[PDB]
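The form deposited in one PDB entry is given below as one chain in structure tokens.
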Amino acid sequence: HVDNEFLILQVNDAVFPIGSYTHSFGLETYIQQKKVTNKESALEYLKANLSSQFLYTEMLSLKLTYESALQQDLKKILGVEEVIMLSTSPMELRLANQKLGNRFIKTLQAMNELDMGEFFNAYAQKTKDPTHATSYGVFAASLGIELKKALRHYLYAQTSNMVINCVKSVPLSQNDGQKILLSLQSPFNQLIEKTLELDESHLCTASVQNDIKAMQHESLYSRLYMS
């Protein structure tokens, strides 16, 4: 009795219990170093981060495991996940996306009345290093949720959490949070179109200062976030 139109809202719900709010993915470093001090610099950070780390690692990896799941190719899915783990150097950024992946799967599995199907269950048994984005990709294909739609909700949900981190920690007025989310709608559509275009040769395309700030996050004198 499962309705995909509701299920997609449920797994992308900000309160869906994977613990996203404990992670800044390096943003906390940019803040303590006074590179994100206000609405305009926050929007700059977000555009740059989404166009680099998020597009080539998170979004593209989701598309890849979706497509492989459709052909029930478990081997290619685990290969994508190995690439991501061996390519993501900053430890707190690597561990963040892995822990979120663990939580995502454990939560789906905790719901006994949701039948994910033989392939997803097989995936869930074998996966060594799932991330939130790869496991979500397999989830959406398994349930016949349309790729473009799956991407749209996932992108919005992850971005909202980054914007809220900015609101909490800069801090910014909660209204600025909403202006930023509105400004990002053209970029969101460009990102989705780009994701559909990109082949797997672009997977895990390197960022530079983003990685460095994610590593510097380990040594902060005082901090609130796990990454």
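Heads up, when I say rigid core I mean the largest set of C-alphas that superpose within 1.5 Å between the two forms. Start at 1 with the first residue shown and count on from there.
As for the form deposited in another entry, it is not shown, yet the points below apply to it.
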| property | result |
| --- | --- |
| Candidates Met91, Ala122, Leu86, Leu114 - which moves between the shown form and the other one, C-alpha at least 2 Å, core fixed | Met91 |
| Core-superposed C-alpha of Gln10 shifting 2 Å or more between the shown form and the other one | no |
| Inter-Cα distance between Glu92 and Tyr30 in the other entry, nearer or further [3 Å or more] | farther |
| Cα distance between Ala133 and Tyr21, which in the other entry differs by 3 Å or more from this form, closer or farther | closer |
